[PDB]
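To start, the structure itself, in structure tokens.
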Amino acid sequence: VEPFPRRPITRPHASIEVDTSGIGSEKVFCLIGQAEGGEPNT
Amino acid sequence: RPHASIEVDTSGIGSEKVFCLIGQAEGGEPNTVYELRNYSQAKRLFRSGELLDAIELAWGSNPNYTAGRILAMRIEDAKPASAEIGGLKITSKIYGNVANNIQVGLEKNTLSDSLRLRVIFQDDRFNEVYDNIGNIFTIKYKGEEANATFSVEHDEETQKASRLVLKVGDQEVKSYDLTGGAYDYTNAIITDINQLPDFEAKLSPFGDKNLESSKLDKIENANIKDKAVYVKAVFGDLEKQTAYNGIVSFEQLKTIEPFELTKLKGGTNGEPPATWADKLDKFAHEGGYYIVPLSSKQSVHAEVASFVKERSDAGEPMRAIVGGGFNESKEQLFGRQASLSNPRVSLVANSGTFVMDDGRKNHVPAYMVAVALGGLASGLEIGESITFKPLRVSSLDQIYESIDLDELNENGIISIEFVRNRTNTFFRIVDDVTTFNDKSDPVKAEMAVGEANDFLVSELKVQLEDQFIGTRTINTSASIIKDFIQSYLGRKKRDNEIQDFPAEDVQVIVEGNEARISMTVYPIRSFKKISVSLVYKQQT
Amino acid sequence: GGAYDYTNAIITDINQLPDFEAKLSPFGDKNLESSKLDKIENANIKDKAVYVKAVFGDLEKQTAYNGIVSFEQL
Amino acid sequence: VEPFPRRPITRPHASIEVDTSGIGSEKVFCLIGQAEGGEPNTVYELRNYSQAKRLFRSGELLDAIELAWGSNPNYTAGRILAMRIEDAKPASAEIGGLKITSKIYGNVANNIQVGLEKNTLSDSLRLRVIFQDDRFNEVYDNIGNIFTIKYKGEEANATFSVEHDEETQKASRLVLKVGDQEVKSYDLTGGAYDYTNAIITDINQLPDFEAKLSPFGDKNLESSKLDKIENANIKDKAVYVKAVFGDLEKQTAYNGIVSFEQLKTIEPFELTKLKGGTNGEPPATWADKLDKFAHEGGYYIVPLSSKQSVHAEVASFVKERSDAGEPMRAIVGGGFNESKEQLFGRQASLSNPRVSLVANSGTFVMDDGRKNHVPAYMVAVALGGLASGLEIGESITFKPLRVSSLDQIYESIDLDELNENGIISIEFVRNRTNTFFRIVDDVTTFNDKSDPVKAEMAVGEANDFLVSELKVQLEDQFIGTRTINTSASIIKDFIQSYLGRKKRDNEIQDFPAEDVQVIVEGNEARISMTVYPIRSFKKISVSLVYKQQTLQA
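This is the structure in structure tokens:
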């Protein structure tokens, strides 16, 4: 939702704001167990 | 008066997506942008270096999508060769150590009684002689009196020819004060001198030099009746000698003297700058979109990334492709991608070899490949993708496997995969991914999608500014605005630059100065998965 | 603080002098901050090409994007 | 609303009385803070970063301006008023006959360097100013040579004298003598001769003497400021009238960083640094500093100080402005990483509806790449900047802060406690695919929530803006106008139009039109109306109920 000139100007100009996110739950799974690698808490 | 008039229009015959390059070069002026169209023009400008090789690669990267109007720059803070002899100052046009080997040398011709200049530069097979320096006109006498002399002297306050006098015996026939009057050039002087009953000032047979009247040299008390005396003006005449042909310029700080065929000095290429910020600023308002620095340095990459972001903030969107090193491990590529993490930057992993038109099997780092990819991208239409396009690279330093390619693409790294027996080339581009690794976001992740959006916005902005701002507000303005937009959107659809747009959704509102507008578009995409299922059936 | 935070500005200013030549090292991207430079006491510049070292900064820079091991100065 | 022409005439004609009208709040945000530049006890308007950086050279106030403009990237960069707190003084030096003083206030001004020189060819003085902190350099060349005088007569004696008024030392006469008598004397008593141009022309009018206006920049000085030259051989050589004291005003005073005066004669001197530049220290009493924002139209004001004394003085100030007819509100933030006890003690200390407290402190990524860790009051400036960016009556509840990281990422308990006790608090929302910081509430320091006008910032802002606009417009419109028979109805239609325009902008919910009743009696006009105040959602309940349904074919 950025105007095309990021900072608005006072002069006579054309200003364009575009819904960038209009062109575009997961139910995440988890596992805990022994491993030989990685941080002990992260 | 009555007359016929004729007009012609051409706007219907026809963005261009200009491509940029900055790097090391062996010739051309520093801190100066140029527009290139032909290879001969770049060879004349840039004598040699990697930059010329990059221009050649860019205009030969692909068979079908070579770029155009490439913008080039020399980063070397070079200086031109120069030398000093007598009262002269010698300075060469060329910047760098190449001008040192330009040979310059003044001589004298006894037959013509005139100085001679000869300049030779064996690298370009240059060899010319400027005979008959000075010797502007000959003064001749046809009378039978006791003596006849002339005299020209300078004005010391300005070194201008104070007078020009013809004498019979001791007194004067007619004197031309050259500091004043309308006799600014020698031809105005000779045209009137020849009208005298018994005197001639024939312009020299060695061409029509036609030099300034004020620049005549200092000669006095010479026999006209015995000799066709020469007024010379060597320094002013050297401008006529070097009017159009000549690599080396001349100036006078004094008297000029002949000297040996001496080579120039002081020509310096200079060290390369550490930071390209001042160099990059010159491309602020040049209209370029794709820029690629010819450097493997991460500092330069960060500087370019800052530059393209600033230009995109100012309403001039730009993108960059970077690379470096020879046979860089995957760890370095991931480190570089994590350091950048910019949507408007793309990283190239593979480095290889290219067959120049000159016949050189040039083994080059990875940024030269990023040049080639940039020149292919700029060659493509607005919003068309560089996916699976041929590259025509001769060979590569690595052949990544189907797992290595999947890891590079998942890390937002561009890579090239070896492929056998295809009609065009033995290589293709796997993907047009950016360094921003958010694959969920299609604008930031895909180069093509964001380029389509940026060119759509820029063209809409330019056209709306050009057309309606500064005009009148009348009843038909709103309808006209809507019609112009619909026409633009239909043009974009016709060119396949968007998928589709609903016409009814376009709305226009006009109130005083403002003009509030709104619209909907279905944006362009290029396929990235193609699925085909088959069903088998029989009859008994 | 300011423009001289990194060695780049130091190199450009030295090279700006006509009497000096301070080409950056060609072996990859060092570009170390100017705070980490090692001490020097009147090293002759006329007869020699004096190299500023800054050992531990370059050790950190090279071993940053490569390898499992990490290092710390005592 | 004037006639064309603007000159009534009685003879037959056709006049036009065009009315050009009918074809036509800003919520300014104020700031007070520290900077290396700008005068003391003065307020300046800001609209651009470069503009702020010109005056406010460096300091925490610049960072606060940048944070306030950056606190609402989706919205425009609005007007901001800024003030310096330090009682700073300018650098000045006295060298030669001139008093030299710089325009910059503070210790930076001391780096300014000024020196006078002379040019041999033009027989003229020269001025140069250098300021090495910004590579600034200016030269005012050709000081003097205001106009020449030349004498073309054949007599042996020809000179000129300028005589001064002895009491005031002002140039009083420009005398031109031949032989031993005054051929002409421009007695500067009156007329067009007060300006040197007229003198120059009349000298040109003389048969012998002639005066040429200076080609080295047309100066056109008043005759009273000319210099004094005597026994100068005008006949033999052109004599230069100089009037360097006039050249001061012509060149040096209207331009450049440094101002110049005279205490003595102007003479050359070497480039010398100015001295005496002092930043000063803030005063014990802040009431004088706030009073400059009396008539500036600002509504939100935030000082860059965690001290409770400043907070109380600001609270007393804004209350006094609100009593005076200019409602204003303030937001403050306490120290670095302050505990909840301190927030409770500050809130119990203030207990003001027109004051809000901010708890969270964190880090902001500045445009210069700096991860500027900052105290809570800088966050209060960010909230003021966001509130100013919103429309009238809006609420900063659940809006994104756009911070980088926070020192204290609170849980539900702390946020509930702070909300109940009337302290604004901000959370890093963890529950999501992608993470951000939001403001949980906009409750004022007033603890009791029985009256939402006092408790809620948005409601009290809408009420204050509505009342102020209605009051000002009613003064501007109907006071001093005739009490005709249609006045009451006109007033009703105007108020209905004002309320409808408020409703259109969504600053108010709705009103009953019929309840807008106007009574006129004598000099007084009595009006009664009702308006439903705009409210912002802060609690949503959903009573979902499941059911079963059967299907057939």
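Residue numbers (the authors' numbering), protein chains in the order written: chain A, 3 to 26, 32 to 49; chain B, 13 to 26, 32 to 270, 298 to 584; chain C, 197 to 270; chain D, 3 to 26, 32 to 270, 298 to 587.
Cβ atoms here follow ideal geometry from the backbone N, Cα and C, with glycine treated the same way.
Looking at the unbroken beta strand (DSSP E) that takes in residue i, where does it start and where does it end?
i, result
"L105 (chain D)", "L105 to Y112"
"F398 (chain D)", "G396 to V399"
"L123 (chain B)", "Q120 to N126"
"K307 (chain D)", "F303 to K307"
"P337 (chain D)", "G332 to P337"
"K405 (chain B)", "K405 to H407"
"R180 (chain D)", "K177 to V185"
"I365 (chain B)", "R363 to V366"
"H171 (chain D)", "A165 to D172"
"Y56 (chain B)", "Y56 (chain B) -> not in any beta strand (DSSP E); alpha helix (DSSP H) instead, spanning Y56 to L62."
"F351 (chain D)", "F351 (chain D) -> not in any beta strand (DSSP E); alpha helix (DSSP H) instead, spanning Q342 to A358."
"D194 (chain D)", "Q188 to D194"
"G40 (chain D)", "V35 to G40"
"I102 (chain D)", "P97 to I102"
Classify residue i: buried if its beta carbon has 16 or more other beta carbons within 10 angstroms, exposed otherwise.
i, result
"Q139 (chain B)", "exposed"
"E73 (chain B)", "buried"
"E304 (chain D)", "exposed"
"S439 (chain D)", "exposed"
"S446 (chain B)", "exposed"
"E52 (chain B)", "exposed"
"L270 (chain C)", "exposed"
"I513 (chain D)", "exposed"
"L255 (chain C)", "exposed"
"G419 (chain B)", "buried"
"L585 (chain D)", "exposed"
Taking residue i as the query, report the chain B residues whose CB atoms sit under 7 angstroms from its CB, ordered along the chain.
i, result
"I207 (chain C)", "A318"
"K219 (chain C)", "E315"
"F6 (chain A)", "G359, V501 and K505"
"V35 (chain A)", "Under the 7 angstroms cutoff, chain B gives no residues; its nearest Cβ is about 14 angstroms from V35 (chain A)."
"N211 (chain C)", "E315"
"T22 (chain A)", "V487"
"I18 (chain A)", "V501, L504 and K505"
Residue i touches chain D at which residues, Cβ-Cβ below 9 angstroms?
i, result
"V3 (chain A)", "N81"
What did DSSP end up calling residue i once you bin it into helix, strand or coil?
i, result
"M90 (chain D)", "strand"
"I473 (chain B)", "strand"
"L74 (chain D)", "helix"
"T520 (chain B)", "helix"
"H15 (chain A)", "coil"
"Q543 (chain D)", "coil"
"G24 (chain B)", "helix"
"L270 (chain C)", "coil"
"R466 (chain B)", "coil"
"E67 (chain D)", "helix"
"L255 (chain C)", "helix"
"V487 (chain D)", "helix"
Could you list which residues in chain D have their beta carbon closer than 7 angstroms to that of residue i, in chain order?
i, result
"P10 (chain A)", "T83"
Chain C partners of residue i, CB-CB under 9 angstroms?
i, result
"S343 (chain B)", "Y202, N204, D225 and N227"
Which two residues bound the contiguous alpha helix (DSSP H) that contains residue i?
i, result
"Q381 (chain D)", "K374 to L384"
"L420 (chain B)", "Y411 to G423"
"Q511 (chain B)", "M491 to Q511"
"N149 (chain B)", "Looking at the DSSP string, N149 (chain B) is not in any alpha helix (DSSP H); the run it does join, the beta strand (DSSP E), is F143 to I150."
Residue i touches chain A at which residues, Cβ-Cβ below 8 angstroms?
i, result
"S484 (chain B)", "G26"
*What residues in the region 510 to 541 of chain B have a beta carbon less than 7 angstroms from any beta carbon of chain A?*
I513 and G514
_Please identify, using Cβ separations under 9 angstroms, the residues of the region 370 to 393 of chain B that lie next to chain A, in order along the chain._
none
*asked:* So if I threshold CB-CB distances at 8 angstroms, which residues from the region 246 to 262 of chain C count as touching chain B?
replied: For the region 246 to 262 of chain C, residues whose beta-carbon sits nearer than 8 angstroms to a beta-carbon of chain B comprise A260, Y261 and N262.
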